[PDB]
Amino acid sequence: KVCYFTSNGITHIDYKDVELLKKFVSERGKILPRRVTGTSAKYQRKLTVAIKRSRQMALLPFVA
Amino acid sequence: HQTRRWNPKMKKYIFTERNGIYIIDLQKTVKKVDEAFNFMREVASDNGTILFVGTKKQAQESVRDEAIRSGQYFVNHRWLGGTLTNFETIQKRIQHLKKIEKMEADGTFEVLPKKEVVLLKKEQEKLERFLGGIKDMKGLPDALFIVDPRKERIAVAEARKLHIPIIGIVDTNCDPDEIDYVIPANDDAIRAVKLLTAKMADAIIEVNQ
RNA sequence: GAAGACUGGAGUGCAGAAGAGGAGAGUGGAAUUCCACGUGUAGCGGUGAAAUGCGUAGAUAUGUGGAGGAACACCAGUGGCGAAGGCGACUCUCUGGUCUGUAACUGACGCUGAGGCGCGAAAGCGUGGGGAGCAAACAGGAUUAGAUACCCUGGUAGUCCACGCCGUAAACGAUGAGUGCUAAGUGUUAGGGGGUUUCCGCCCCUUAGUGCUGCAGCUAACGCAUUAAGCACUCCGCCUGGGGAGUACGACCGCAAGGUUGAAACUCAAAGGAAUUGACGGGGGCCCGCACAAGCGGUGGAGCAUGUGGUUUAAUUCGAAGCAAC
RNA sequence: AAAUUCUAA
Ligand SMILES: [Mg+2]
Ligand SMILES: [Mg+2]
Ligand SMILES: [Mg+2]
Ligand SMILES: [Mg+2]
Ligand SMILES: [Mg+2]
Ligand SMILES: [Mg+2]
Ligand SMILES: [Mg+2]
Ligand SMILES: [Mg+2]
Ligand SMILES: [Mg+2]
Ligand SMILES: [Mg+2]
Ligand SMILES: [Mg+2]
Ligand SMILES: [Mg+2]
Ligand SMILES: [Mg+2]
Ligand SMILES: [Mg+2]
Ligand SMILES: [Mg+2]
Ligand SMILES: [Mg+2]
Ligand SMILES: [Mg+2]
Ligand SMILES: [Mg+2]
Ligand SMILES: [Mg+2]
Ligand SMILES: [Mg+2]
Ligand SMILES: [Mg+2]
Ligand SMILES: [Mg+2]
Ligand SMILES: [Mg+2]
Ligand SMILES: [Mg+2]
Ligand SMILES: [Mg+2]
Ligand SMILES: [Mg+2]
Ligand SMILES: [Mg+2]
Ligand SMILES: [Mg+2]
Ligand SMILES: [Mg+2]
Ligand SMILES: [Mg+2]
Ligand SMILES: [Mg+2]
Ligand SMILES: [Mg+2]
Ligand SMILES: [Mg+2]
Ligand SMILES: [Mg+2]
Ligand SMILES: [Mg+2]
């Protein structure tokens, strides 16, 4: 119902904030859709870019 | 009504906007109702008639009471199509009503079988509900009165095809050109419709007495 | 036509923003196939039903390592970018365009555009590399009256990459490019300005895209409707009944397959667009009749009477032949 | 979603 990056007030989502990238991934290991999390547009796109980068640094699981 | 479902052909009559709905200017309304009173006075004293069409429930009770007070002709329930164009069929139906009422009241009150209740009473009740004030309409109405023009498109169409004047209260959600002579008012609160219809009936009585 | 002047067209500067725009090099995970190993026993695979096929030299399943190719799950959305074809993993280098805001700068530098010059999905061609999966041609197994098919088991070119050709599509919004003017309502993308407000948030206005509904107007109708198929001005391309035919002859281009340009003789009186009400469907819904469901007893099993096709005689009288003839 | 063929004239 509210965007986290508009409520809390985050500027950009760096990929080292593993704890920040847990409220947006599924426990099964995938990015949650925009609908369940209610994120904006710009921040959805930069958030998924950050998740992909952190994943490819073996810092979030690809599966499981 | 609200600021979403409204007719831009009535931007003249809107005035500022409160939080939620439009606000109708009242000076134009008082000029319009003065003109409407003048026209009703001009038309009432002609040994003719003025028709009342109570579309909505507020209009229902208001026009019923006002017509009974002024002895005019009115329609209260659903407006069945063709009263002002199929007037031959309508008058045949009302003649049927008069004849059945006369025979039931006078002749025998018992034809032969126990078949009056099954159909001959229910149909008479339903027809008396639908027709109502048409049982006294001798000829052709001279000026219809409508509470909500957009909820009564059939009546205004039938009057405009026979080219007879129309007076009625147009809310912000109606097109003020189908009705030839208009007063901007809210046709949703029981209070205002009562006042306007009572004013029209009073003008008719004052001119025609 | 000539000489000046102006900024409301066009362009530059200044400050911001978004983006699967393009090219080159390099890395990542999941999965399919192949190979090796440890128990592991008779089946696995597949169809509407089977068989071909793989399997006691020991398959499928099963865990552990190695090789190689191709495409990038979720994010993902009438969302974004591009002139069009089209562009989706991640990172870097080289790069093109667009949008908003200010008013600093030049001062009509603009629009369209035959002939030309380029780009142009997929299939296809020439040279050289690769080739996991899929798969024209092809082989076998099924189906059918037949099946050069649909279905199943395999499988070559190709699909992939570098350089060079080809130049077509339902390349479609079946809608050429500019610029103005003409009711509304409601989503969404990228911006800017304003009020409530310590912040958060809500509401209002404006620009450029992208969808839905709907007036005036337009249309043969379907329908379009500020993203016009409305009202106008400028430039370009194209049409003049259907076949014959995008064929023949001529020319240009291409290694070829073919592409572009493109007629007539003869023949017909029709060929077409929209929606109207009926009839049909091996399209859907809903409803009913001993339809099925549940019970009761029957027929097909034996004997026996009648009727029926073959039958043979000289005829075994003619006629009714799925319910709806026996 | 599954799902075999089948009016000649
Ligand atoms: Mg109202
Ligand atoms: Mg400018
Ligand atoms: Mg592997
Ligand atoms: Mg295989
Ligand atoms: Mg194995
Ligand atoms: Mg393995
Ligand atoms: Mg574009
Ligand atoms: Mg595409
Ligand atoms: Mg843009
Ligand atoms: Mg040209
Ligand atoms: Mg190709
Ligand atoms: Mg090749
Ligand atoms: Mg296309
Ligand atoms: Mg376009
Ligand atoms: Mg075309
Ligand atoms: Mg045109
Ligand atoms: Mg151009
Ligand atoms: Mg145009
Ligand atoms: Mg919009
Ligand atoms: Mg926005
Ligand atoms: Mg728009
Ligand atoms: Mg219309
Ligand atoms: Mg449409
Ligand atoms: Mg429309
Ligand atoms: Mg369009
Ligand atoms: Mg478009
Ligand atoms: Mg047209
Ligand atoms: Mg011809
Ligand atoms: Mg041609
Ligand atoms: Mg056609
Ligand atoms: Mg048709
Ligand atoms: Mg039973
Ligand atoms: Mg028997
Ligand atoms: Mg027997
Ligand atoms: Mg016979």
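Any read-out appearing in this document is the output of simple, stated calculations on the displayed coordinates, not a laboratory observation. Cβ: placed from backbone, ideal geometry, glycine included. Neighbour counts: every protein chain shown.
Descriptive notes on the structure:
- Among (1) in contact with a strand residue (DSSP E or B) (Cβ under 8 Å, 6 or more places away or on another chain); (2) outside any loop (DSSP other than H, G, I, E, B); (3) over 20 Å from A:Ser7 (Cα atoms), the one test that A:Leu60 misses: (2)
- Looking only at residues in the stretch B:187-209 that are within 16 Å of ligand 1 (Cβ to nearest atom) and surrounded by 15 or more Cβ atoms within 10 Å (Cβ to Cβ), the one that is nearest to B:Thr83 (Cα to Cα) is B:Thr197.
- Filter result for B:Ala157 (more than 16 Å from RNA strand C (Cβ to nearest atom), surrounded by fewer than 19 Cβ atoms within 10 Å (Cβ to Cβ) and small (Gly, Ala, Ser)): no
Every residue, every condition in (1) touching a strand residue (DSSP E or B) at 6+ places or on another chain (Cβ under 8 Å); (2) near RNA strand C (Cβ under 8 Å from one of its atoms); (3) basic (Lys, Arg), yes or no:
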site	(1), (2), (3)
A:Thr11	no, no, no
A:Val18	no, no, no
A:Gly29	no, yes, no
A:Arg35	no, yes, yes
A:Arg45	no, yes, yes
A:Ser54	no, no, no
A:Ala64	no, no, no
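- Condition check for B:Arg4 on (1) touching a residue at least 60 places away in the same chain (Cβ under 8 Å); (2) part of a loop (DSSP other than H, G, I, E, B); (3) within 16 Å of ligand 1 (Cβ to nearest atom): one failure, at (1).
- If the condition is being in contact with a helix residue (DSSP H, G or I) (Cβ under 8 Å, 6 or more places away or on another chain) and either surrounded by fewer than 12 Cβ atoms within 10 Å (Cβ to Cβ) or closer than 22 Å to B:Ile68 by Cα (or both), then the stretch B:1-32 contributes only B:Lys12.
- Candidates are the residues of the stretch B:2-27 that are basic (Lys, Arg) and near RNA strand C (Cβ under 8 Å from one of its atoms); the one that is nearest to B:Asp177 (Cα to Cα) is B:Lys9.
- Within the stretch B:164-175, considering residues that are surrounded by 20 or more Cβ atoms within 10 Å (Cβ to Cβ) and in a loop (DSSP other than H, G, I, E, B), the one nearest to the other protein chains (Cβ to nearest Cβ): B:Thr172
- Within the stretch B:69-106, tally of residues that are outside any helix (DSSP H, G or I), touching a residue at least 40 places away in the same chain (Cβ under 8 Å) and either surrounded by fewer than 16 Cβ atoms within 10 Å (Cβ to Cβ) or of a type in the set (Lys, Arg) (or both): 6
- Conditions (1) assigned to a helix (DSSP H, G or I); (2) within 15 Å of ligand 1 (Cβ to nearest atom); (3) under 17 Å from the mean Cα position of the chain (by Cα); number of the one not met by B:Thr29: (3)
- Counting only residues that are closer than 30 Å to B:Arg41 by Cβ, of a type in the set (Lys, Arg) and assigned to a loop (DSSP other than H, G, I, E, B), the stretch B:110-163 holds 1 of them.
- B:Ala157 vs. criteria under 17 Å from B:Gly54 (Cα atoms), away from ligand 1 (no atom under 16 Å from the Cβ), more than 12 Å from the chain's Cα centre (by Cα) and without any contact (Cβ under 8 Å) to a residue 40 or more places away in the chain: yes
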